[PDB]
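Written below as structure tokens is the structure these notes are about.
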Amino acid sequence: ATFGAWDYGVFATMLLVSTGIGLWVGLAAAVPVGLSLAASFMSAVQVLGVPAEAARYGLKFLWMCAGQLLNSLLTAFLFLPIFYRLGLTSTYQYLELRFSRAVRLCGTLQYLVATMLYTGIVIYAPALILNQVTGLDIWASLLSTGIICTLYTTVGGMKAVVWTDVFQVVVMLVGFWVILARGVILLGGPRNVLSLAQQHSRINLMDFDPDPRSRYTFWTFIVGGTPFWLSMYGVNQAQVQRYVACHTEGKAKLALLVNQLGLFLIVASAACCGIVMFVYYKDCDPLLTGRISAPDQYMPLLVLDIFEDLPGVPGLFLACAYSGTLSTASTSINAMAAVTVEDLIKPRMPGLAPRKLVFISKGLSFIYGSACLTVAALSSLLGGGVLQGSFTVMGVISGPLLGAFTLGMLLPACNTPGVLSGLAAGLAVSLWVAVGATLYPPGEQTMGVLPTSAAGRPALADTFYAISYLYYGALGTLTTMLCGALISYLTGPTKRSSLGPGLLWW
Ligand code: NA
Ligand code: NA
């Protein structure tokens, strides 16, 4: 079952309309800002991953929202007050005010590399969907996705408005709910779906398994996901700039609350879609049967399976997962180019020119876009899910950056030697665990996948590399904090009297 004729027509019409809208807004109050904040992480990555994870691991996936809530509370009262009352353009200027320009450069480069890899996986996800629905080879699908993404970004100009992001979130939620409704009406009713999921053990919210090898758990979500969401929202420049651009500090807090509500809505809808998807494929699992090869192919298969008599709805869902992910990728790439120009190029060439800078920014946008496309191709060639891949790519690189920020805001004795040594230690540890886990992946029974049906190595691998992927970034943050403090107190602790008003204790 591939795209029908009307499915192609609907996808083409909506994609052309969205591309034209994005290339026309261009060439020719706390609610919207929070909704645009929410429609900056959510893309086709979540649409592909969260339902698959909820089907394979159960309803315990909802603790991702608890991790998001902890991050949102931390940002609202810990990072936002400083980043707002201080008014210092880029968040990495704080690392200059606190430690040194070396730390500022290190943090900026960390952000750039993490964003480039994350945007690569984000770009890969729509190519995966277009591969699976239209049968086009993954390489030609990636070529098409890159062409449309670079027309969005560079040759047409990014159009990111808070209002197009709101429309994206609305259509995402409505699509999840429509899939849910069709699935449940096909499967009898909500009571029967709940009974079949309770019998088959996909209702497993209260999971407090102490083992870090278990992929998903209350602990893995609160102490592994919170650093990820802090690196995504509380410290990330592209979000904190929106926080500071809001007039009055309370307005940013309200925007954060609206962002948290939107995130919870999206995650809950996707997890319900995942449980309904499992119950639909109860005795004829397509992965076991071999109809699909990876869990990332679960959701478009369900979309094309349950909308067979409604020609063109899979086309609409593909169009919305394509335009809405390419918008996020374009926004990330242009944010990367602006960060490079206004943090690393403009300071060191004072009188370069003002017309030189538009050319340089366009070049950086193209360069980052091509680099992210290469990341997408390598993500294809290495396999693996898009959700966990994005989580790992962001965590392993941005955990030490979060540790540096936390050491600056919390510990007055931290200095440039300590913070830089701790950043190095964090990157080393995160890369070690990530690469060792890639070489030796944990088994599915160890990870805790739930059973399906189709009727109808080094001794450090089994312990250290087998921990959950949500811990790769948190591990880096913790080793950054520990090494930074230990080296700061050895190399000469900064005196509080010799610190500007950037400490959290005021
Ligand atoms: Na998005
Ligand atoms: Na995403």
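Just so it is clear, none of the values below were taken in a lab; they were calculated from the coordinates. Backbone-built Cβ (ideal geometry, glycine too); neighbour counts: all protein chains shown.
Quickly run through the range 321-349 and pick out the residues that are in a loop (DSSP other than H, G, I, E, B), away from ligand 2 (no atom under 11 Å from the Cβ) and of a type in the set (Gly, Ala, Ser).
Residues of the range 321-349 that are in a loop (DSSP other than H, G, I, E, B), as a first pass: 323-325, 346-349.
With the extra rule that they be away from ligand 2 (no atom under 11 Å from the Cβ), the set shrinks to 323, 346-349.
Correct list: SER323 only.
Per the listing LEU257, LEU263, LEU173, the residue uniquely crowded, with 23+ Cβ neighbours inside 10 Å and within 21 Å of the chain's Cα centre (by Cα) is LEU263. Just for the range 304-327: of the residues that are buried (at least 24 other Cβ atoms within 10 Å of the Cβ) and more than 16 Å from ligand 1 (Cβ to nearest atom), which one is nearest to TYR281 (Cα to Cα)? Here the residue is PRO314. If you go through the range 359-393 and keep only what is of a type in the set (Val, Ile, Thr) and either touching a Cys at 6+ places or on another chain (Cβ under 7 Å) or surrounded by fewer than 17 Cβ atoms within 10 Å (Cβ to Cβ) (or both), you end up with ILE367, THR374. Among the residues of the range 1-25, write down those that are of a type outside the set (A, V, I, L, M, F, W, C), assigned to a loop (DSSP other than H, G, I, E, B) and surrounded by 14 or more Cβ atoms within 10 Å (Cβ to Cβ). Result: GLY4, single match.
For the range 21-40, the candidate set comprises residues that are closer than 11 Å to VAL169 by Cβ and not aliphatic (A, V, I, L, M); within that set, the residue that is nearest to ligand 2 (Cβ to nearest atom) is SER40.
Please list, ordered by residue number, the helices (runs of 4 or more DSSP H) wholly in the range 30-85 having 2 or more residues that are charged (D, E, K, R), within 16 Å of ligand 1 (Cβ to nearest atom) and under 21 Å from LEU402 (Cβ atoms). Step through it out loud before you land on a result.
Working: elements: 30-38, 44-57, 64-74.
Where helices (runs of 4 or more DSSP H) fall fully within the range 30-85, none carries at least 2 residues being charged (D, E, K, R), within 16 Å of ligand 1 (Cβ to nearest atom) and under 21 Å from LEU402 (Cβ atoms).
Residue-by-condition table, conditions (1) of a type in the set (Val, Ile, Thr); (2) farther than 27 Å from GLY26 by Cβ:
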position	(1), (2)
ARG104	no, yes
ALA114	no, yes
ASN131	no, yes
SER144	no, no
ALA160	no, no
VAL169	yes, no
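Of everything in the range 328-349 that is over 14 Å from the mean Cα position of the chain (by Cα) and among the small types (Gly, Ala, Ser), the residue that is surrounded by the most Cβ atoms within 10 Å (Cβ to Cβ) is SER330.
I'm checking my understanding of the structure. Among residues of the range 142-163 that are over 19 Å from the mean Cα position of the chain (by Cα) and farther than 25 Å from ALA376 by Cα, which one is surrounded by the most Cβ atoms within 10 Å (Cβ to Cβ)? Only one residue tops the list, namely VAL161. Filtering the range 368-378 to residues that are more than 13 Å from ligand 2 (Cβ to nearest atom) and either of a type in the set (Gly, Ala, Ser) or closer than 17 Å to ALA437 by Cα (or both) leaves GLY369, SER370, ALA371, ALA377.
Does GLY49 satisfy the criteria of being within 16 Å of ligand 2 (Cβ to nearest atom), crowded, with 19+ Cβ neighbours inside 10 Å and not hydrophobic (A, V, I, L, M, F, W, C)? When the stated conditions are applied, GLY49 passes them. Regarding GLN110, is this residue over 28 Å from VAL276 (Cα atoms) and either of a type outside the set (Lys, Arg) or more than 16 Å from ligand 2 (Cβ to nearest atom) (or both)? In short, yes. Somewhere in the range 193-216, is a residue touching a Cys at 6+ places or on another chain (Cβ under 9 Å) and more than 30 Å from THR89 (Cα to Cα)? Checked against the condition, which is being touching a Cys at 6+ places or on another chain (Cβ under 9 Å) and more than 30 Å from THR89 (Cα to Cα), the range 193-216 yields no hits at all. Of the residues in the range 231-252, at least one is over 18 Å from the mean Cα position of the chain (by Cα) and surrounded by 21 or more Cβ atoms within 10 Å (Cβ to Cβ).
Are any residues in the range 205-217 closer than 18 Å to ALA268 by Cα and surrounded by 17 or more Cβ atoms within 10 Å (Cβ to Cβ), and if so, which ones?
Within the range 205-217, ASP207, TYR216, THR217 qualify.
Quick check: is even one residue across the range 373-390 farther than 30 Å from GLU53 by Cβ and aliphatic (A, V, I, L, M)? Checked the range 373-390: no residue is farther than 30 Å from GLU53 by Cβ and aliphatic (A, V, I, L, M).
Based on this model, can you work out whether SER195 counts as among the hydroxyl-bearing types (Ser, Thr, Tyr) and surrounded by fewer than 16 Cβ atoms within 10 Å (Cβ to Cβ)?
Numbers: among the hydroxyl-bearing types (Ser, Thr, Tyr): yes; surrounded by fewer than 16 Cβ atoms within 10 Å (Cβ to Cβ): yes.
Yes, satisfied.
The lone criterion from (1) part of a helix (DSSP H, G or I); (2) within 16 Å of ligand 2 (Cβ to nearest atom) left unmet by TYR298 is number (2). All told, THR115 falls short of being away from ligand 2 (no atom under 16 Å from the Cβ) and surrounded by 20 or more Cβ atoms within 10 Å (Cβ to Cβ). Those residues that are farther than 30 Å from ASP305 by Cβ and within 16 Å of ligand 1 (Cβ to nearest atom), I need them from the range 1-29; list them, please. Hits for the range 1-29 are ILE21, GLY22. Considering the conditions (1) part of a helix (DSSP H, G or I); (2) in contact with a helix residue (DSSP H, G or I) (Cβ under 7 Å, 6 or more places away or on another chain), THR91 is excluded by exactly one of them, (1).
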